[PDB]
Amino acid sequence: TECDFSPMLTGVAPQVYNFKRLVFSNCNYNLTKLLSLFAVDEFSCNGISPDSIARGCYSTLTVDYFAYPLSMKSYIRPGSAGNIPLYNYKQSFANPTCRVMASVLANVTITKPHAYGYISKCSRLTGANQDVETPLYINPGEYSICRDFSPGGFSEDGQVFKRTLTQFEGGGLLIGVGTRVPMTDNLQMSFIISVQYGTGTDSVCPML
């Protein structure tokens, strides 16, 4: 049966720090078809080529996707960090990956968010004078603790959030800031494709 890349183009595109993930197994895909809906600006792969990615057989095919402006292309690249990989989304390189930077085409019909948004501060506060500050960073593929503050985005550039951290979460105060990047004429997105090569009987091959 065919791979359903539908959910990553229906509804409202999630923000970078609130990325959505599609995991495909026992499913046949047309990548060329999916890519045809976009105007691709960057196609950086790692551990696999942009040709093989559309022709390989996999045990799992994972796609993380989110809205993301191309003006910030360079800030989501490996090793160069970065408000994005610190607080929002950090690419994993445990498996062969492909990062696609693209704009959705004009008469695709997406309902884009009011604006792009990313977390630019996330810290724990302790102390008598409330001033031991410990920046809190994400592990790749995990969501920021500051994501719950406003998963839909930020109505204000430099919006401030406050919260008490439960005894469990380490206690103290949690402080978060989100910044606002104005929405573009055409929605600009980014999806990260990741594949595995499992021994198990079940595959995701391309369609014949």
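Heads up: residue numbers just count along the shown sequence, starting at 1.
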{"query": "Of 37-45 and 153-161, the stretch whose C-alpha atoms average the higher B-factor in the entry", "finding": "37-45"}
{"query": "Stretch with the greater mean C-alpha B-factor as recorded in the entry, comparing 14-22 against 193-201", "finding": "193-201"}
{"query": "Most elevated Cα B-factor in the entry, residues 175, 67, 181, 53", "finding": "53"}
{"query": "Which of 120, 80, 123, 95 ranks first by CA B-factor in the deposited coordinates", "finding": "80"}
{"query": "Where the record places residue 29 (Cα B-factor, split into thirds across the chain)", "finding": "lowest"}
{"query": "Cα B factor band for residue 111 (lowest, middle or highest third within the chain)", "finding": "highest"}
{"query": "Third assignment of residue 136 from its chain's C-alpha B-factors", "finding": "lowest"}
{"query": "Residue 128 - which third its CA temperature factor falls in, relative to the rest of the chain", "finding": "middle"}
{"query": "Lowest, middle or highest third - CA B-factor, residue 62", "finding": "lowest"}
